[PDB]
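A single chain comes next, written as structure tokens; it is the form deposited in one PDB entry.
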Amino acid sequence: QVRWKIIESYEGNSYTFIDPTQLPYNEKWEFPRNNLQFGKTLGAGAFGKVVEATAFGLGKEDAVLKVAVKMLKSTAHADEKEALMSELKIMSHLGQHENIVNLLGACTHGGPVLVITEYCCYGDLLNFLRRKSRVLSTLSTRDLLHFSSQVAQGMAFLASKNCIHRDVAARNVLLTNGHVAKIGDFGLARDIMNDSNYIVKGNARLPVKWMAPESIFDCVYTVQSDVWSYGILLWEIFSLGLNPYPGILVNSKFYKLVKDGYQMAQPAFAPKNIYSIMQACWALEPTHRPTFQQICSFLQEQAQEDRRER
């Protein structure tokens, strides 16, 4: 699966007392549907879509601002409504963080369910990288480090809530004001069917090139498997957005390689220290992978060194 999920953790640092899917919606998020003016469709998958809108009088400051609004398509049935509400329930439970696309409100009465989140004006990180890659201001190591750290903090936050992401990738990072990176559960805005990076596995479509071997082979999904995917994301960032495993098709030979410990070569713009993060993320043994907090800490050191020399 490609949506966010809360898991149970024992004798970990964080404890799951409740499953947010249960104990339904808190009507404190409720926002007047009529105070939404819809704009362009930002993206859409099989069951739902995300559209840009202006919201009037939203929040404590009740400002007028651009927001993103998620909603179902016509093809959506009961199963689809539940999953949307379930996504709403998780975002309301997680709480806020600077590097997550935050819940601003919802319309669950008087019409179709709408979920209102912060609008990220610059779009996805992968496109941004590929555009910067072919310009003639040009990106510097400090920018690439900042993206890396901001995503790492978002993921360290999720990990602290026993929440797994399951689709970490540059296509799934958004850039908002100041080009700050944010992550979120973007499935419904993702046209998975028409993105060839999602490979058909019988009944599912999975981002095979981003997935830890245990996720691919055992269908295991943990914070540690998210750490592997974050390493692939790092490789994307410091290659300025090449497709992972360049040239290498996804077929039985691909699986044997990753199984057997194959790892991508150092990207053009990764310092050796950043490549060492990638390698640590791609440890075959999941418990030998760093935590997101350890990654944050180490990236913090790389940023100060850059700030000292540069």
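For the two forms, the rigid core is made up of the largest set of C-alpha atoms that agree within 1.5 Å on superposition. Residue numbers here begin at 1 and follow the sequence given.
There is also a form deposited in another entry; it is not shown, and the following applies to it.
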query	finding
C-alpha displacement of 2 Å or more between the shown form and the other one on the rigid core, among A189, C163, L88, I100	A189
Core-superposed C-alpha of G45 shifting 2 Å or more between the shown form and the other one	yes
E61 C-alpha moves between the shown form and the other one by 2 Å or more, core aligned	yes
Threshold 2 Å Cα movement between the shown form and the other one at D218, rigid core reference	no
Shift in CA distance, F157 and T16, in the other form relative to the form shown here, given it is 3 Å or more	farther
Shift in CA distance, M278 and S9, in the other form relative to the form shown here, given it is 3 Å or more	farther
